[PDB]
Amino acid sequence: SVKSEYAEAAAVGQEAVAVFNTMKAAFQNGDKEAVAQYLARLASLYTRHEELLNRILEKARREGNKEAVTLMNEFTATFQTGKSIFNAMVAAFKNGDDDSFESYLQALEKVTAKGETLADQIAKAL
């Protein structure tokens, strides 16, 4: 169902959270080669998450689950903030700008939290 598909999306989102936290520790320890690999893996994981979230939203729309559509619309907006800041972080890494990377990483932790509160309601709504 859409509900089991959202559980699959949630796990993928949580796989990115785990990798992100591993990457943060690598950045702090100054392991740049590891960071580069983790950033590539994260991009793949976010692209997958986005794909799954869009299909779920489109399905909720076709099913007429108005409360779920409202919540998912809010979450897709938050997801795009994540995307914009993530891309900025990757650019900061490419440019050798550790100050911006630090800033963007702290910002993404805020986005993740505000997304998590929204994701928990979506699950209950589908």
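Numbers for residues come from their place in the sequence shown, where the first is 1. For clarity, a rigid core is taken as the largest C-alpha set superposing within 1.5 Å between two forms.
Stretch 110-118 is the one, of 8-16 and 110-118, whose CA positions lie farther from the shown form in 9 other deposited structures of this protein once all structures are superposed by the rigid core. Stretch comparison (15-23 versus 103-111) by mean CA B-factor in the PDB entry places 103-111 on top. The stretch 90-98 shows the higher mean C-alpha B-factor when 65-73 is compared against 90-98 in the entry. Set against one another, the Cα B-factors of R41, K83, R55, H49 in the record reach their highest point at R55.
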